[PDB]
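Q: If you scroll down you'll find the structure; I have some questions about it.
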Amino acid sequence: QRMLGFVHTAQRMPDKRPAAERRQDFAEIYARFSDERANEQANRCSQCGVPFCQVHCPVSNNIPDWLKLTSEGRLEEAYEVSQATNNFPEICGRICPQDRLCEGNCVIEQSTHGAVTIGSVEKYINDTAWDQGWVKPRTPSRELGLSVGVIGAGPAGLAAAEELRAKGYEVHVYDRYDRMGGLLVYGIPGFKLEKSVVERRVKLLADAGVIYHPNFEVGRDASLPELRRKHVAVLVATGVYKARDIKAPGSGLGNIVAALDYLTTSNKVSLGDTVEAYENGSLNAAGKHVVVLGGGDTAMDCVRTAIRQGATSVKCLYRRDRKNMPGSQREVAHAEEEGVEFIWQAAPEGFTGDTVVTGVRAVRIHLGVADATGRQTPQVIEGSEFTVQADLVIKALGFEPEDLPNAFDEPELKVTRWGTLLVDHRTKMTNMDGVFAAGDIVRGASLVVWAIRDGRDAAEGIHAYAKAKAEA
Ligand SMILES: Cc1cc2nc3c(=O)[nH]c(=O)nc-3n(C[C@H](O)[C@H](O)[C@H](O)COP(=O)(O)OP(=O)(O)OC[C@H]3O[C@@H](n4cnc5c(N)ncnc54)[C@H](O)[C@@H]3O)c2cc1C
Ligand code: SF4
Ligand code: SF4
């Protein structure tokens, strides 16, 4: 039908399970659209000129085109259009925060008509295509005689590997873990993204012809000059893993565990491998009171994965207001509905205890009015300082890059202050010849789709450089 039906229809997301039932299991919380409902929700588009849904999507899919090709049957052509510009569409549709990228700037969203549910239609059109064999690996026609190396198996690494293998090269990936996929499989919990689609996509990648090297750290089992001599070009996509800390009176007691360790062990125990720290360790929250520090999406993941495993009472201390939350806002409402209690504008001061933490003494800060440059300056209130009973606290402040030049044996890699190495904009080439670096280690605490775009751009640049070098 002529697809301008936002006038006489109302937006409604797919099926959801109630809160009293969500708290038990570890599966997802949403469901896939039905056919007659997807063909209706994809019809509310307006095919507007100058589509803001595409200007603000970091990978810049052709959103109106497959929204049209979905609203008229014709699902296979829609799958083609969607896949031809994005390597992991379903993963993006599942995890990408849409209220700030695409759904937050739709033209009918700016006019209080609600937003066309884009990511859910992405999921629908990209998963119903998987069941009927419309997905196939991109095996190169004529195998080109060159070899390219990458470091890391995250989103950027896998995207670059797929692009290079499609061009015709021979790729070799080098991941530190045993199950490749990066923090897509060890950072993000199960209820957000299921660990089955990730292994499905990595199996497809391996079927395309990629060679996998698990349990292979660059620092220990290799060296950057050796790999530089092996292949023709290497892509540093190792991400950021050196976490942050806090120095306060009482910050040396027991049961003060970093967030990444907790999340990793939760992912493992959901998969298996029977780590002992889940049996006898401080990485369980069965019958304890949990308190997490800092904000962001990491805080949301931690608090939810804690409230799933019992956790008689959970609290989260953010040191700003609610509207400045770094992550999305659907997960905040989800956590509130599931049982979490939030404490906005609070900063930790100390930990009271003897050998194990018994409580967290915190202060209450006040934010000034936005400055002429758009920056609020908080100041701690002198009177109100309080203490919360805490059985297990989790520090989830942030993440920073490691010291790569002093660990990759090459002290000539140019670096900024924070650790993100410098790189040109066009070719995505590192200071040194032959080596390239693009992904999350160049940006900071970005999202997945930015990593995908950086990986694709670095792949194109590496192809151009290798062709120009073997050319003459
Ligand atoms: C919805 C959402 C939720 C998010 N949740 C989180 C979250 O909970 N926590 C979080 O931290 N980020 C989170 N992010 C951020 C995002 O996941 C990452 O910034 C991004 O995925 C990292 O991209 P990358 O290319 O650096 O890959 P990464 O996955 O960051 O790359 C890590 C890989 O590098 C490998 N590696 C590391 N060091 C070495 C080495 N020396 N040698 C070899 N291999 C090495 C690791 O083993 C791993 O395979 C989230 C993003 C979104 C959109
Ligand atoms: S969601 Fe809105 S802006 Fe995006 S294509 Fe549809 S009508 Fe245009
Ligand atoms: S990748 Fe993210 S921003 Fe782009 S269309 Fe999909 S959900 Fe929207």
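Letters A, B, ... mark the chains of the structure tokens in the order given; residue numbers begin at 1 per chain; ligand numbers begin at 1, in order shown.
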Could I get the residue neighbourhood of ligand 3 at 12 Å, counting only C-alpha atoms and all ligand atoms, as number ranges by chain?
A: A: 52-67, 82-83, 85-106, 115-126, 447-453
Q: Any chance you could export the current selection's C-alpha atoms as an mmCIF file, in the first residue's frame?
A:
data_model
loop_
_atom_site.group_PDB
_atom_site.id
_atom_site.type_symbol
_atom_site.label_atom_id
_atom_site.label_comp_id
_atom_site.auth_asym_id
_atom_site.auth_seq_id
_atom_site.Cartn_x
_atom_site.Cartn_y
_atom_site.Cartn_z
ATOM 1 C CA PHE A 52 17.192 12.284 9.029
ATOM 2 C CA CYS A 53 16.941 8.571 9.855
ATOM 3 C CA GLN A 54 20.010 8.088 7.642
ATOM 4 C CA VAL A 55 22.009 11.253 8.385
ATOM 5 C CA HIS A 56 22.321 10.255 12.046
ATOM 6 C CA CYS A 57 22.975 6.518 11.649
ATOM 7 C CA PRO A 58 26.746 5.973 11.954
ATOM 8 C CA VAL A 59 26.819 3.310 9.231
ATOM 9 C CA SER A 60 24.189 5.197 7.157
ATOM 10 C CA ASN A 61 21.970 2.388 5.925
ATOM 11 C CA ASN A 62 19.448 3.032 3.149
ATOM 12 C CA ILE A 63 16.647 3.002 5.692
ATOM 13 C CA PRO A 64 13.693 4.260 3.572
ATOM 14 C CA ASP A 65 14.455 1.770 0.806
ATOM 15 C CA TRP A 66 14.157 -1.408 2.837
ATOM 16 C CA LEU A 67 11.349 0.131 4.877
ATOM 17 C CA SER A 82 19.971 -3.990 4.214
ATOM 18 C CA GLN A 83 22.939 -6.363 4.077
ATOM 19 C CA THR A 85 25.774 -1.767 3.641
ATOM 20 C CA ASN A 86 26.139 -3.422 7.068
ATOM 21 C CA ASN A 87 27.898 -6.617 8.108
ATOM 22 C CA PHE A 88 26.120 -7.319 11.438
ATOM 23 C CA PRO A 89 22.569 -5.995 10.992
ATOM 24 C CA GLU A 90 20.820 -8.153 13.599
ATOM 25 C CA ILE A 91 23.434 -7.504 16.294
ATOM 26 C CA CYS A 92 23.065 -3.773 15.675
ATOM 27 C CA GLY A 93 19.274 -3.951 15.759
ATOM 28 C CA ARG A 94 19.528 -5.790 19.066
ATOM 29 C CA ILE A 95 22.062 -3.609 20.902
ATOM 30 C CA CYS A 96 22.361 -0.262 19.081
ATOM 31 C CA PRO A 97 20.850 2.542 21.201
ATOM 32 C CA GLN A 98 18.208 3.795 18.801
ATOM 33 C CA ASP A 99 16.784 6.675 20.851
ATOM 34 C CA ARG A 100 19.971 8.662 20.171
ATOM 35 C CA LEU A 101 20.935 7.576 16.637
ATOM 36 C CA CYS A 102 17.997 6.780 14.334
ATOM 37 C CA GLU A 103 14.701 6.582 16.234
ATOM 38 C CA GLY A 104 15.535 9.806 18.056
ATOM 39 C CA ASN A 105 15.660 11.950 14.915
ATOM 40 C CA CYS A 106 12.928 10.579 12.633
ATOM 41 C CA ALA A 115 9.152 7.236 15.785
ATOM 42 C CA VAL A 116 9.146 4.548 13.123
ATOM 43 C CA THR A 117 10.480 1.442 14.846
ATOM 44 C CA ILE A 118 13.606 1.020 12.735
ATOM 45 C CA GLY A 119 15.826 -1.346 14.708
ATOM 46 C CA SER A 120 13.040 -3.831 15.361
ATOM 47 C CA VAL A 121 12.269 -3.979 11.640
ATOM 48 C CA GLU A 122 16.006 -4.450 11.080
ATOM 49 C CA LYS A 123 15.855 -7.479 13.387
ATOM 50 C CA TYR A 124 12.727 -8.804 11.680
ATOM 51 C CA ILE A 125 13.938 -8.490 8.086
ATOM 52 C CA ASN A 126 17.417 -9.755 8.955
ATOM 53 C CA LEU A 447 29.354 2.022 20.347
ATOM 54 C CA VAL A 448 29.458 -1.027 18.085
ATOM 55 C CA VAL A 449 28.315 0.619 14.849
ATOM 56 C CA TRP A 450 31.131 3.176 15.027
ATOM 57 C CA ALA A 451 33.567 0.276 15.310
ATOM 58 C CA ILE A 452 31.950 -1.383 12.287
ATOM 59 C CA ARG A 453 32.304 1.775 10.202
#
Q: DSSP says strand (DSSP E or B) for which residues of range 220-262 of chain A? Put them as a list in words?
A: residues 234, 235, 236, 242, 243, 254, 256, 257 and 258 of chain A
Q: Could you dump the residues just selected with N, CA and C atoms as a PDB file, in the first residue's frame?
A:
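Dumped to selection.pdb:
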ATOM      1  N   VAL A 234      49.181  -5.018   8.772  1.00  0.00           N
ATOM      2  CA  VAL A 234      48.543  -5.432  10.015  1.00  0.00           C
ATOM      3  C   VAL A 234      47.604  -4.329  10.481  1.00  0.00           C
ATOM      4  N   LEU A 235      46.485  -4.736  11.070  1.00  0.00           N
ATOM      5  CA  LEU A 235      45.446  -3.826  11.539  1.00  0.00           C
ATOM      6  C   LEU A 235      45.318  -3.981  13.049  1.00  0.00           C
ATOM      7  N   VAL A 236      45.715  -2.949  13.788  1.00  0.00           N
ATOM      8  CA  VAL A 236      45.597  -2.954  15.243  1.00  0.00           C
ATOM      9  C   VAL A 236      44.164  -2.581  15.605  1.00  0.00           C
ATOM     10  N   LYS A 242      42.408  -1.276  29.882  1.00  0.00           N
ATOM     11  CA  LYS A 242      42.966  -0.804  31.147  1.00  0.00           C
ATOM     12  C   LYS A 242      41.901   0.027  31.852  1.00  0.00           C
ATOM     13  N   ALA A 243      41.267  -0.558  32.863  1.00  0.00           N
ATOM     14  CA  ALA A 243      40.147   0.090  33.525  1.00  0.00           C
ATOM     15  C   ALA A 243      40.639   1.215  34.433  1.00  0.00           C
ATOM     16  N   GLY A 254      38.326  -6.073  51.166  1.00  0.00           N
ATOM     17  CA  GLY A 254      37.907  -7.170  50.323  1.00  0.00           C
ATOM     18  C   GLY A 254      36.548  -6.932  49.695  1.00  0.00           C
ATOM     19  N   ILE A 256      35.796  -5.855  46.828  1.00  0.00           N
ATOM     20  CA  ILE A 256      35.701  -4.718  45.921  1.00  0.00           C
ATOM     21  C   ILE A 256      36.215  -5.160  44.556  1.00  0.00           C
ATOM     22  N   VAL A 257      35.306  -5.595  43.692  1.00  0.00           N
ATOM     23  CA  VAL A 257      35.671  -6.251  42.443  1.00  0.00           C
ATOM     24  C   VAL A 257      35.350  -5.338  41.269  1.00  0.00           C
ATOM     25  N   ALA A 258      36.226  -5.362  40.268  1.00  0.00           N
ATOM     26  CA  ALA A 258      35.989  -4.628  39.036  1.00  0.00           C
ATOM     27  C   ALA A 258      34.775  -5.193  38.303  1.00  0.00           C
TER      28      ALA A 258
END
Q: Using only C-alpha atoms and all ligand atoms, which residues of the polymer chains come no farther than 8 Å from ligand 1? I'd like the answer as a PyMOL selection string.
A: chain A and resi 92+95-97+151-157+174-177+180-184+187-189+192+216-219+237-241+260+263+297-299+301-302+327+398-399+438-441+444-449+451-452+455
Q: Where does DSSP see alpha helix (DSSP H) in range 28-92 of chain A, if you list the residues as a PyMOL selection string?
A: chain A and resi 35-41+52-55+63-70+75-83+89-92
Q: Here is a test: counting only C-alpha atoms, which residue of A:400, A:471, A:163, A:337 is nearest to residue 307 in chain A?
A: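 Residue with the minimum atom-to-atom distance to residue 307 in chain A: A:337.
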Q: Quick one: residues within 10 Å of residue 433 in chain A, only C-alpha atoms, excluding same-chain residues fewer than 3 positions away - as a count of residues only?
A: 5
Q: Just want the 12 Å neighbourhood of residue 200 in chain A, counted on only C-alpha atoms, with same-chain residues fewer than 3 positions away dropped. Output as a VMD selection string.
A: chain A and resid 88 90 to 91 127 130 to 131 135 180 to 181 185 194 to 197 203 to 207
Q: Using only C-alpha atoms, which protein or nucleic acid residues come within 6 Å of range 347-360 of chain A? Drop anything in the same chain fewer than 3 positions from it, and give the result as number ranges by chain.
A: A: 248-250, 253-254, 319, 363, 387-391
Q: For residue 465 in chain A, which of A:332, A:129, A:232, A:224 is the closest residue, counting only C-alpha atoms?
A: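 That would be A:232, the residue with the smallest distance to residue 465 in chain A.
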Q: Would you mind reading off the distance between CA of residue 202 in chain A and CA of residue 14 in chain A, one decimal, in Å?
A: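 Going from CA of residue 202 in chain A over to CA of residue 14 in chain A covers 27.3 Å.
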Q: Quick one: everything within 6 Å of residue 396 in chain A, counting only C-alpha atoms, minus sequence neighbours fewer than 2 positions away in the same chain. Send it as number ranges by chain.
A: A: 259, 293-294, 398
Q: I'd like the neighbourhood of residue 419 in chain A as a PyMOL selection string, where a residue qualifies if any of its atoms comes within 9 Å (using only C-alpha atoms), though same-chain residues fewer than 5 positions away should be ignored.
A: chain A and resi 400-404+441-442
